[PDB]
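A.B. asks: no sequence on hand, only this structure:
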Ligand SMILES: *[C@@H]1O[C@H](CO)[C@@H](O[C@@H]2O[C@H](CO)[C@@H](O)[C@H](O)[C@H]2NC(C)=O)[C@H](O)[C@H]1NC(C)=O
Ligand SMILES: *[C@@H]1O[C@H](CO)[C@@H](O)[C@H](O)[C@H]1NC(C)=O
Ligand SMILES: *[C@@H]1O[C@H](CO)[C@@H](O)[C@H](O)[C@H]1NC(C)=O
Ligand SMILES: *[C@@H]1O[C@H](CO)[C@@H](O)[C@H](O)[C@H]1NC(C)=O
Ligand SMILES: *[C@@H]1O[C@H](CO)[C@@H](O)[C@H](O)[C@H]1NC(C)=O
Ligand SMILES: [Zn+2]
Ligand SMILES: [Zn+2]
Ligand SMILES: [Zn+2]
Ligand SMILES: [Zn+2]
Ligand SMILES: [Zn+2]
Ligand SMILES: [Zn+2]
Ligand SMILES: [Zn+2]
Ligand SMILES: [Zn+2]
Ligand SMILES: [Zn+2]
Ligand SMILES: [Zn+2]
Ligand SMILES: [Zn+2]
Ligand SMILES: [Zn+2]
Ligand SMILES: [Zn+2]
């Protein structure tokens, strides 16, 4: 099986910042997971990578010249993107994998979320 | 048929590097988490590392952190383990396993021996059936495979044919640092002058193949 | 750092009778979210890779017989073999898969308990071939005895040897349910040519009195 992903269809960044919540159909409390944000239709660029611990600790990484921050919450991960450029207006996709406790699962392709940076 | 096949093991010097591989077939490789599990000779199982179906999440055991690296190529359906800065303690049979709710499938295993000792081919000596080797209508004979390194060796009787009443023993490690093992076969004492017994010994690590004919004394 | 402790270390049960193995986890592997306990059981026969039996503490894997049954929650768990079969002689391991690093129990060796069998002792002098290489190995064989506990003493000229021999036991036979042992006494060729009477005194439960097999070098 696969995890489900609900993300807002549209978000306007105000003052070059936005909060992208990725809603999963899985209990990420006390789980070893790896959440991802990808930008672009071809999902090439990986914007942010939020690794989750069993003891609900987070290791957030911002890879491609993005200012990313991460917050965990039950069946969701929130990506707080700051200092976005206007030229970064695009479709963003939430990705997830759970490893422990088993089984290993990944997400079914989400519809994405259009971020308009103003 | 699901298959997991390990390779890349053998003898390596302490401090040195070795790369193990595990090829998979019979399932969608990228859909499952894979692990390496090791078992030192005559000891229990020890989990080494795990990698997600995508390769994005890797986990390691306390003992192997900083030295070992688990990777995978989903296009080749192969799982790799890069062992660096090896120590003697890392000597074990290395299994690769498919996970789903537990390790539901395991490979045959590849033997990694970490030692400064060099490879030595075994000597084969016959264990002759005499009247001293007879006891209650039964007679025994066999082969002594002495002074070889590293493990393992394969012993067969009559080129694979004889397995009735055959006892091949676990090798023991001598104080000399070389392994030694005996294989025997019990047969009725009245059947001595009626069958030819030949023990077939192979030591792959030194490319040794001896076929020793055991004659009664 | 979740530690798994099994008990007993070894267990011998008669054919058809009940076997019980305990596994104690140092922390609760009960995931409160789905009420499932993340604990697995494997069977490992000699020379063969392990085989998954039970997962999620009690859920039985496809093709595992009705007789295997896991039970318990939190920290104490139990594997039960209702009717022990010959084909079940293996080492059992418990394993937590709740959190990394995944950890295993030390293992429990399960054996068939049977009626007592006395060994056949045989003694093998060093071959003419081995003596040409300047070594000597006398081999004492004990065949198809039960139970595993057997004492072998080496006497050279009626004098007891120490730390110059090594034992090796086979796994339980698939037919007899018995063990076989091989003790190998190794001396120099020089040392061998010095003494005459080489012997092993086998002490087993199935024997009334210690059997000795001997030979004299050149008889
Ligand atoms: C990103 O994070 C904060 C929250 O930590 C965001 O606050 C939002 O405020 C509006 C105003 O009513 C609410 O409608 C939203 O629900 C809030 N978002 C949440 C709770 O995620 C805000 O968008 C960002 N930060 C700042 C300082 O602007
Ligand atoms: C994706 O698109 C379809 C059509 O709008 C919708 O039914 C589905 O629920 C969407 N996924 C979301 C928003 O989770
Ligand atoms: C996750 O777990 C480890 C121990 O397993 C802990 O020491 C580490 O700080 C945690 N992750 C973070 C906060 O990056
Ligand atoms: C998590 O979210 C679910 C909604 O899907 C809710 O029922 C539950 O009470 C929440 N709390 C947990 C389990 O942390
Ligand atoms: C968006 O893209 C450019 C790339 O030339 C980038 O350096 C800059 O931040 C933005 N400026 C423009 C030209 O839109
Ligand atoms: Zn990615
Ligand atoms: Zn705009
Ligand atoms: Zn260890
Ligand atoms: Zn036998
Ligand atoms: Zn047999
Ligand atoms: Zn062996
Ligand atoms: Zn630890
Ligand atoms: Zn113990
Ligand atoms: Zn299964
Ligand atoms: Zn049944
Ligand atoms: Zn049976
Ligand atoms: Zn002497
Ligand atoms: Zn001489």
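C.D. replies: That came through fine. Numbering: from 1, shown residues only, chains lettered A, B, ... in the order given. Ligands and ions are numbered 1, 2, ... in the order given.

A.B. asks: I'd like to know how many residues surround whichever residue of chain A sits closest to ligand 8.
C.D. replies: In chain A, the residue found nearest to ligand 8 is residue A:100; the distance is 20.3 Å by C-beta to the ion. In this view, the C-beta of every residue, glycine as well, is placed from N, C-alpha and C. Around residue A:100 there are 23 other residues, counting by other C-beta atoms under 10 Å in any protein chain shown.

A.B. asks: residue contacts, the nearest residue to it once chain neighbours are set aside?
C.D. replies: Using C-beta to C-beta, 6 or more residues apart in numbering or on different chains and skipping the chain neighbours, the partner closest in space to residue A:100 is residue A:32 (4.0 Å). When the contact criterion is C-beta atoms under 8 Å, 6 or more residues apart in numbering or on different chains, the partners of residue A:32 are A:52, A:53, A:54, A:98, A:99, A:100, B:57, B:59, C:99, C:100.

A.B. asks: of those, which is the nearest to residue B:18?
C.D. replies: residue B:59 (20.6 Å; C-beta to C-beta).

A.B. asks: right, and the helix or strand after the host helix or strand of that closest one?
C.D. replies: Assigned by DSSP states H and E, residue B:59 belongs to strand B:58-60. Counting by DSSP H and E, the element after strand B:58-60 in chain order, helix or strand, is strand B:68-73.

A.B. asks: closest residue of chain A to ligand 9?
C.D. replies: Here chain A gets closest to ligand 9 at one residue, residue A:102, 44.0 Å apart by C-beta to the ion.

A.B. asks: SS state for residue B:205?
C.D. replies: Classification of residue B:205 by DSSP: H, G, I helix; E, B strand; the rest coil places it in helix.

A.B. asks: my read: residue C:195 touches residue C:156, true?
C.D. replies: Yes: between residue C:195 and residue C:156 there is a contact under C-beta atoms under 8 Å: 5.0 Å.

A.B. asks: how much space is there between the residue nearest to residue A:100 and residue C:166?
C.D. replies: Using C-beta to C-beta, to the nearest Å, residue A:32 is found at 46 Å from residue C:166.

A.B. asks: so what's the residue in chain A that ligand 12 sits nearest to closest to, chain neighbours aside?
C.D. replies: Proximity of chain A to ligand 12 (C-beta to the ion) peaks at residue A:54, 12.1 Å away. Spatial nearest neighbour of residue A:54, excluding adjacent residues (C-beta to C-beta, 6+ apart): residue C:99 at 4.6 Å.

A.B. asks: residue contacts, that neighbour?
C.D. replies: A:32, A:54, A:100, A:101, C:2.

A.B. asks: so which helix or strand takes in the last one?
C.D. replies: With elements taken from DSSP H and E, nothing contains residue C:2; it lies in neither a helix nor a strand.

A.B. asks: backbone dihedrals for it, both of them.
C.D. replies: Phi and psi for residue C:2, reported as degrees, to the nearest 10, are phi -80, psi 120.

A.B. asks: now swap in the second one and tell me
C.D. replies: The main-chain torsion angles of residue A:54 are listed as degrees, to the nearest 10 and equal phi -70, psi -40.

A.B. asks: pretty sure it is touching residue A:28, no?
C.D. replies: No: in this structure residue A:54 lies outside contact range of residue A:28 using C-beta under 8 Å: 11.0 Å.

A.B. asks: show me which of these two is the more surrounded one.
C.D. replies: Neighbours were counted for residue A:54 and for residue A:28 using other C-beta under 10 Å; residue A:28 has more, 21 against 15.

A.B. asks: which secondary structure elements does the lengthiest strand in chain A contact?
C.D. replies: In chain A, with assignment by DSSP state E, the single longest strand is strand A:90-100. Packing contacts for strand A:90-100, counted by 3 or more C-beta pairs under 8 Å, 6 or more residues apart in numbering or on different chains; DSSP states H and E, involve strand A:18-24, strand A:32-39, strand A:76-82, strand A:105-106, strand A:113-117.

A.B. asks: if we can go back for a sec, residue C:195 and residue C:156: which has the busier surroundings?
C.D. replies: The residue with more neighbours, out of residue C:195 and residue C:156, is residue C:156; 20 against 14, by other C-beta under 10 Å.

A.B. asks: got a list of what the more buried one touches?
C.D. replies: By C-beta under 8 Å, 6+ apart, the contact set of residue C:156 is C:185, C:187, C:195, C:197, C:198, C:199.

A.B. asks: again, 6 Å this time
C.D. replies: C:195, C:198 (C-beta atoms under 6 Å, 6 or more residues apart in numbering or on different chains).

A.B. asks: and it, its phi and psi?
C.D. replies: phi -120, psi 110.

A.B. asks: for it, give the beta-bridge partners.
C.D. replies: Beta-bridge pairing of residue C:156, defined through DSSP bridges, involves residue C:159, residue C:198.
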